[PDB]
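For reference, the structure discussed in these notes is given below.
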Amino acid sequence: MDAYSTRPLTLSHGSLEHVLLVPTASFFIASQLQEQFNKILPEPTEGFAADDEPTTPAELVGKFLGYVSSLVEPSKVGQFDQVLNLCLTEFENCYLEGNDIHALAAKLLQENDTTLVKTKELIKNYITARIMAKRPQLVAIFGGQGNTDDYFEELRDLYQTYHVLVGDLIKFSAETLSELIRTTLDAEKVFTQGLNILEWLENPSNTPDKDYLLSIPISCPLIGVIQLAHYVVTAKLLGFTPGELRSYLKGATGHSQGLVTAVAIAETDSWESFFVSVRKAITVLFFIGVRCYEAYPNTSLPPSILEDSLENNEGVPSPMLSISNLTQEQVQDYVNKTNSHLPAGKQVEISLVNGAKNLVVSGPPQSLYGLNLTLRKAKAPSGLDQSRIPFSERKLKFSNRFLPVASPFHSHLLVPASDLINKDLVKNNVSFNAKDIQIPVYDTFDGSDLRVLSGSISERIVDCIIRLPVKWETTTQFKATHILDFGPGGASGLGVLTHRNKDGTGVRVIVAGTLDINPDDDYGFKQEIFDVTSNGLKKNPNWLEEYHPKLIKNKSXXXXXXXXXXXXXXXXXXXXXXXXXXXXXXXXXXXXXXXXXXXXXXXXXX
């Protein structure tokens, strides 16, 4: 038959072995849902309604037959089992020819209309119907506590897009976190919304409110599942085990809420050493959030503070505030004045030095709001001063919107949860952290190899989160060519903010999403291809320093140009060219042939 509706493509007439089963296909995608989709095709042509490109209905039929299919592996009768295979195999050498159809997402971003939200289904209509009852240098960086204001819906846009690669691990894990609530007693009263996360995925109706999805021991453990499930995605996409992913690594160093996710994943060989090492990751972040929340509880803020936080567009004043693009220890004076008027119980300290400019500060939120008060002083409303002597008298610029962390990590006041949680991690049998880490993971501060046990390493894991300053620049210090990210949420989580720090080097690609913004950090399809290694600028080694010989060996002649306008005017600049220079000559009053016949009054003496 044919892939109809104005862009025809063949779907094999089987000569009475498959011509008889297509009447159970031909009207079947001729539903009114595909037939009210086709009067929109003449005048507002193909803005919607796939058939926008002739692959898009053949995968929509490849959706539809495979989704009203047998739907079970003890297969409902072979009608809805075998013609799926031919409706796969026909496509299998029609538009990919090997090369793993995430490359066809690059083909969708180069040939037809620029759709991504449509592209996500034709991933899913392939890969889910791929499993319907037939047919089975690198530095990793882990995110966590990013600038990602939902932190959960990307898992919702993981389970929705992917059902093959993630449906296994959730059945263990989503039970397992609910299998931990009764263990530590009175953590239930810390967890007053219940941990059946499955129905949060099953419906957006009783998916809970996002701020209480933003409460810390809801945010911190599931984010690690996203930085675990995507690692199974590429293992399932590249046909690999995690050891075959751990074989192809040289970095594997991530942020605070993903460093310990990178810790257990380095000593992970099999799929069978996987889920036993997932419990290294569940029982930390579950216990991490429950210990610090008891140390500093959330309080309802005085709403007198809540007004002026809106006019400066700082958002909710949640106790984590970063600054933008000032040099350090200027603002420490403003810390020094505020910590002077503060008593000892609520003094304020700077957590992070992430990047050369941005500095994260954590502490009590009133005093964090109190820091804004003197930082609303010395701050311009962004008026232009590059006209009159910018680099001598400037009033500077800021951007200090808040961060939605509901427990002030990397601080000093939250000491007793540190020594308490490692008792809790002693309590269950998982605190080995032996030498079995293969890839040299670097620290979130001063990246030692960390196979220097007699550290009892599942004790360092927590003061690295709640005690320690990070200084993220010296965390990297790599020798790579490209960099993995597993940023939990968008093209925003700790990949773009790392990108300023490195130059002359990698064009790093992340796994989450399929967007692009510029040919700087493009992603979506570099994980699943061949014969296209984009290594961009080497602005150091490449473009550096060289003089140069002639055809018969000279020196070029010596790069230092010269061209003024009140000295150079005549044949007394001719001698300036006589030694070794790049002489220019203009602005000689009149241009009425005088200084023009005079050009050859120094061109013959040149």
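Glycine also receives a Cβ, built like all others from the backbone with ideal geometry; neighbour counts cover every protein chain displayed. All of the numbers you see were taken from the coordinates with simple rules; none came from a lab.
Data table
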| read-out | value |
| --- | --- |
| Per-pair calculated FRET efficiency, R0 = 56 Å: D113 and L453 via Cβ, rounded to 0.05 | 0.50 |
| Region 251-308, dipole about Cα centre (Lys/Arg Cβ +1, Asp/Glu Cβ -1), debye to the nearest 20 | 200 |
| Ratio of Rg to Rh over region 79-156 (Cα coordinates, Kirkwood Rh, two decimals) | 1.08 |
| Proxy reagent accessibility, fewest Cβ within 10 Å first, across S247, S70 | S247, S70 |
| Cα-centre dipole for the chain with unit charges at Cβ (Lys and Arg positive, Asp and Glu negative), debye to 20 | 2100 |
| Ascending count of other beta-carbon atoms within 10 Å, so fewest first, for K189, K346 | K189, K346 |
| Overall form of region 19-136 per C-alpha gyration tensor (a/c, 1.5; a/b vs b/c) | oblate |
| At 1.002 mPa s and 20 °C, Stokes diffusion of region 290-343 via Kirkwood alpha-carbon radius, µm² per second | 154 |
| Loop chymotrypsin sites (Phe, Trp or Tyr not before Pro), region 399-494 (other Cβ atoms within 10 Å of the site Cβ: 13 or fewer; DSSP) | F432 |
| Separation in nanometres of the label points that stand 7 Å from Cα toward Cβ, at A378 and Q32 | 6.9 |
| Computed label-point distance, nm, for sites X561 and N542 using a 7 Å Cα→Cβ extension | 2.4 |
| Contour excess over end-to-end distance, with Cα ends at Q328 and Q477 and 0.36 nm allotted per residue | 51.5 nm |
| Computed over region 388-485, Cα set: Rg, Dmax in Å | 19.2, 67 |
| Extended-chain gain in nm, criterion 0.36 nm per residue less alpha-carbon gap, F530 and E188 | 118.1 nm |
| Kirkwood-based shape ratio for the chain, expressed as Rg/Rh from alpha carbons | 1.08 |
| Per-residue [θ]222 nm for the chain (sum of -39500 (n - 2.57) over DSSP H runs n ≥ 4, rounded to 500) | -9500 deg cm²/dmol |
| Cβ-Cβ FRET estimate between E244 and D149, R0 fixed at 35 Å, reported to 0.05 | 0.50 |
| Cα gyration tensor shape of region 493-533, rounded if a/c is under 1.5, else prolate or oblate by comparing a/b with b/c | oblate |
| Gyration tensor (alpha-carbon) shape descriptor, region 407-447, a/c threshold 1.5 | oblate |
| Pair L9, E179: separation of 7 Å Cα→Cβ label points (nm) | 4.4 |
| Under 29 Å from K357, Cα to Cα: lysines that are on another chain or at least 8 residues apart | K250, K337, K346, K377, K379, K395, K397, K471, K479, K502, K538, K539 |
| Pairwise FRET efficiency - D168 versus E311, Cβ, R0 = 45 Å, nearest 0.05 | 0.35 |
| Within region 585-601: backbone nitrogen closer than 16 Å to the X571 label point (7 Å, Cα to C-beta) | 594-601 |
| Order of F28, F64 - criterion: other Cβ atoms within 10 Å of each residue's Cβ, fewest first | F28, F64 |
